[PDB]
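Student: Before we start, here is the structure in question, set down as structure tokens.
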Amino acid sequence: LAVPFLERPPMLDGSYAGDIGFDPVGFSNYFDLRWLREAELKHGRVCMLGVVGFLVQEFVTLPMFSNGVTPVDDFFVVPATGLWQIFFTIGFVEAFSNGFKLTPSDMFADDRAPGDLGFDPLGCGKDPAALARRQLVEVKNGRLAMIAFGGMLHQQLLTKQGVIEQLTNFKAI
Amino acid sequence: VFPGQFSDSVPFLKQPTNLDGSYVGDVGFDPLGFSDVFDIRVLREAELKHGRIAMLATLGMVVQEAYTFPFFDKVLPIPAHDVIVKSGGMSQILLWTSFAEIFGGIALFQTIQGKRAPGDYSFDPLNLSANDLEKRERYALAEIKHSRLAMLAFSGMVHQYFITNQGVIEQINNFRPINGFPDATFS
Ligand SMILES: CC1=CCCC(C)(C)[C@H]1/C=C/C(C)=C/C=C/C(C)=C/C=C/C=C(C)/C=C/C=C(C)/C=C/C1=C(C)CCCC1(C)C
């Protein structure tokens, strides 16, 4: 149990990966646990790719664009047009992968697994025990990566330095 | 002097209605009857929270005058409050303690339901009194006595600084009476 001085939340049986009974504020109750699980997986995956993007944008820059001082400022130096192309592409992906159901009501109509968008092109998730281990690994890595992204974005905003550049040139504020 | 049942601490006041003696540190001292108006569990949790904060406060009020970190600056703690307010670190102390008290409030609301002991956050990483039960109540009595002593001590140190304008270590080595009373006339 993650919080020993509080009770185990009533809706956290332990079926999902990474469930250690950590919900003191009780979002498991009064909401849909599948919705929260898919939201957690989506945030984890987005930040998980975002950390790698912040690492790559320091040393690797696409020849079409001009690199900024920080990967945070790389959002501004690229033109406004093309940014909305990314916005609309993500909208199309989130519409087609979710089956054009986009609300807490109509989603999970077929009761699919939360976070299972049917995207396994390499076929890694075949063995169910390995599937559960990879579920746990993915969820814990997302829980680490969201905190990491929230840290590194603010570090790049405050110090105006890259993350590796900041780690090699550590200084007080 | 007259026959009758009274409290163990105060002999002219009766034992309070809700102070049965199960809780540690209970010598029957509740003259105004705070336990009659509010629950004893919430009061015990508030007492333990105040006492632990006061323990750390007395330790800080000693150490900060005894030894200041290489960062920040050499300054007395009472104006160091303002210094760290202007520096921004005290707002972060506030944020992190608020984040802890968010779960503390849920613990308190489960204490009213009677699911956890008041002030029992189950925090014993060194298992100093976890496996043994006889040591647990002795350490609880010691903790509550140190809590009350620390509240009194921090109040004393702060109000000594407020009129003396000297450090606690400074005052026990350079003890001067207040207001120039050694050679004061018509005071
Ligand atoms: C619960 C827990 C587990 C065990 C450890 C511990 C005891 C510490 C305890 C505490 C955990 C804590 C404190 C977690 C903290 C999480 C936090 C603060 C997460 C915050 C993340 C912030 C984020 C993403 C910000 C994202 C901003 C983004 C994208 C975009 C920025 C911008 C760009 C460049 C485009 C234009 C718009 C804008 C805004 C300028």
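Lettering and numbering for the structure tokens are positional, with chains as A, B, ... in the shown order, residues counted from 1 in each chain, and ligands counted from 1 in the shown order.
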Please check which protein, DNA or RNA residues sit within 12 Å of ligand 1, counting only C-alpha atoms and all ligand atoms, and write them as a VMD selection string.

Tutor: (chain A and resid 2 to 3 20 22 to 25 43 to 44 46 to 51 54 68 70 to 78 80 83 140 143 to 157) or (chain B and resid 92 95 to 100 102 to 103)

Student: From a DSSP pass on the backbone, collect the residues of chain B flagged as helix (DSSP H, G or I) and hand them back as JSON, numbers by chain.

Tutor: {"B": [34, 35, 36, 37, 40, 41, 42, 43, 44, 45, 46, 47, 48, 49, 50, 51, 52, 53, 54, 55, 56, 57, 58, 59, 60, 61, 62, 63, 64, 65, 66, 77, 78, 79, 80, 81, 82, 83, 84, 85, 86, 87, 89, 90, 91, 92, 93, 94, 95, 96, 97, 98, 99, 100, 101, 102, 103, 104, 105, 106, 107, 108, 109, 110, 111, 112, 134, 135, 136, 137, 138, 139, 140, 141, 142, 143, 144, 145, 146, 147, 148, 149, 150, 151, 152, 153, 154, 155, 156, 157, 158, 159, 160, 161, 162, 163, 164, 168, 169, 170, 171, 172, 173, 178, 179, 180, 181, 182, 183]}

Student: When the cut-off is 8 Å and we count only C-alpha atoms, which residues of chain B are near chain A, given as a PyMOL selection string?

Tutor: chain B and resi 103+106-107+110+116+120-122

Student: Would you mind exporting N, CA, C and O atoms of the selected residues as a PDB file, in the first residue's frame?

Tutor:
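The resulting file, selection-v4.pdb, is shown below:
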ATOM      1  N   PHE B 103      -2.840  15.324   2.154  1.00  0.00           N
ATOM      2  CA  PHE B 103      -3.059  13.960   2.622  1.00  0.00           C
ATOM      3  C   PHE B 103      -3.293  13.923   4.126  1.00  0.00           C
ATOM      4  O   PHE B 103      -4.024  13.055   4.622  1.00  0.00           O
ATOM      5  N   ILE B 106      -7.028  14.268   4.759  1.00  0.00           N
ATOM      6  CA  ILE B 106      -7.749  13.016   4.560  1.00  0.00           C
ATOM      7  C   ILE B 106      -7.498  12.071   5.724  1.00  0.00           C
ATOM      8  O   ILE B 106      -8.411  11.363   6.171  1.00  0.00           O
ATOM      9  N   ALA B 107      -6.267  12.045   6.240  1.00  0.00           N
ATOM     10  CA  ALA B 107      -5.986  11.254   7.434  1.00  0.00           C
ATOM     11  C   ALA B 107      -6.814  11.734   8.619  1.00  0.00           C
ATOM     12  O   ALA B 107      -7.338  10.924   9.390  1.00  0.00           O
ATOM     13  N   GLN B 110     -10.389  10.619   8.187  1.00  0.00           N
ATOM     14  CA  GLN B 110     -10.512   9.213   8.555  1.00  0.00           C
ATOM     15  C   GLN B 110     -10.334   8.989  10.050  1.00  0.00           C
ATOM     16  O   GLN B 110     -10.800   7.969  10.570  1.00  0.00           O
ATOM     17  N   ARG B 116      -8.057   5.397  12.006  1.00  0.00           N
ATOM     18  CA  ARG B 116      -6.653   5.502  12.372  1.00  0.00           C
ATOM     19  C   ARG B 116      -6.540   6.238  13.698  1.00  0.00           C
ATOM     20  O   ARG B 116      -7.408   7.032  14.068  1.00  0.00           O
ATOM     21  N   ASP B 120      -1.338   9.343  14.097  1.00  0.00           N
ATOM     22  CA  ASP B 120      -0.618   8.139  13.691  1.00  0.00           C
ATOM     23  C   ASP B 120      -0.583   8.095  12.169  1.00  0.00           C
ATOM     24  O   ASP B 120      -1.529   7.635  11.527  1.00  0.00           O
ATOM     25  N   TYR B 121       0.518   8.568  11.593  1.00  0.00           N
ATOM     26  CA  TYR B 121       0.733   8.503  10.158  1.00  0.00           C
ATOM     27  C   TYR B 121       1.490   7.251   9.740  1.00  0.00           C
ATOM     28  O   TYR B 121       1.874   7.134   8.572  1.00  0.00           O
ATOM     29  N   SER B 122       1.720   6.325  10.674  1.00  0.00           N
ATOM     30  CA  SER B 122       2.406   5.059  10.406  1.00  0.00           C
ATOM     31  C   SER B 122       3.797   5.278   9.820  1.00  0.00           C
ATOM     32  O   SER B 122       4.251   4.510   8.971  1.00  0.00           O
TER      33      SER B 122
END

Student: Would you compute the distance between atom CA of residue 182 of chain B and atom CA of residue 167 of chain B? Give it in Å to one decimal.

Tutor: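 For atom CA of residue 182 of chain B relative to atom CA of residue 167 of chain B, the distance reads 20.2 Å.
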
Student: Considering only C-alpha atoms, return as a VMD selection string whatever protein or nucleic-acid residues lie within 12 Å of residue 14 of chain A, sequence-local ones (same chain, fewer than 6 positions apart) excluded.

Tutor: chain A and resid 1 8 20 to 22 33 136

Student: Between B:33, B:160, B:13, B:124, which residue has the minimum interatomic distance to residue 172 of chain B, considering only C-alpha atoms?

Tutor: B:160

Student: Quick check, in Å to one decimal: how far apart do atom CA of residue 116 of chain A and atom CA of residue 41 of chain A lie?

Tutor: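 Distance reported for this atom pair: 9.3 Å.
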
Student: Could you check how far atom CA of residue 130 of chain B sits from atom CA of residue 19 of chain A, in Å to one decimal?

Tutor: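 Pair atom CA of residue 130 of chain B / atom CA of residue 19 of chain A returns 26.1 Å.
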